[PDB]
Structure formats: C-alpha cells, structure tokens
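Chemist: To start, I am sharing the structure in question, which I have written as structure tokens.
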Amino acid sequence: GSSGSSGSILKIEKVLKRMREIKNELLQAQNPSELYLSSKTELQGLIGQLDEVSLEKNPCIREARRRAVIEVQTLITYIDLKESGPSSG
C-alpha cells in the first residue's frame, strides 16, 4: 500500500492542476499566435485522463469528472473563438 500509483481522485486533480498553469502561461504570453496551437493541444490531452474515471458507482465521480470537463473545455473553446476571425474589418 503505497500512495502515488493508485487513486481515482488524484488522477483528476491533475486534469485541473495543469489547466490552471496553462491559462497563466497563455495570459503572460505576448505573442500566443503560436500557443493557441500548443496550449490547446495540451489541454485536450488532460481531459483524456478523465476517461479513466469514467462514470463510476459513485456521485463524487460523475460530478467531479463532469465539472472538470467543463473546467478544461472552457479554455479549449476560448481559444478557437480567438483563432478564427473576420478577414475584413
């Protein structure tokens, strides 16, 4: 019994642990014109982990997981809306 390898909550905590960091690295970024590609790509990866804590026989899971999906997807989107734009204007 050695914590570190096992865990259903810790695996998720990370999905948000990095997400937060990224946001910052993006804000300070002067010319994120390129980050929009990396910053996003990385985000998508995180969510993937959530797949592990798939709908389990517990309320904390179904909730935590979901709440997390929207906590990470919110950024991935904010980027897409920023990337695209009107050619003229």
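A short reminder: the numbers here are calculations on the coordinates, not readings from a lab. Don't worry about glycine lacking a Cβ; one is built from the backbone with ideal geometry, like all the others, and counts go over all protein chains shown.
Chemist: If I go through the stretch 50-89 residue by residue, how many of them are under 24 Å from residue 8 (Cα atoms), surrounded by fewer than 16 Cβ atoms within 10 Å (Cβ to Cβ) and not acidic (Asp, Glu)?
Modeler: Count: 13.
Chemist: Those residues that are among the small types (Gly, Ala, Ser), surrounded by fewer than 13 Cβ atoms within 10 Å (Cβ to Cβ) and over 8 Å from the mean Cα position of the chain (by Cα), I need them from the stretch 36-49; list them, please.
Modeler: 48
Chemist: Let me ask another. Applying the selection to the stretch 1-32, what residues are surrounded by 10 or more Cβ atoms within 10 Å (Cβ to Cβ) and among the small types (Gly, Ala, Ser)?
Modeler: 7, 8, 29
Chemist: Out of the helices (runs of 4 or more DSSP H) lying entirely within the chain, which hold 2 or more residues that are among the basic types (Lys, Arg) and in contact (Cβ under 8 Å) with a residue 24 or more places away in the chain?
Modeler: 10-28, 59-83
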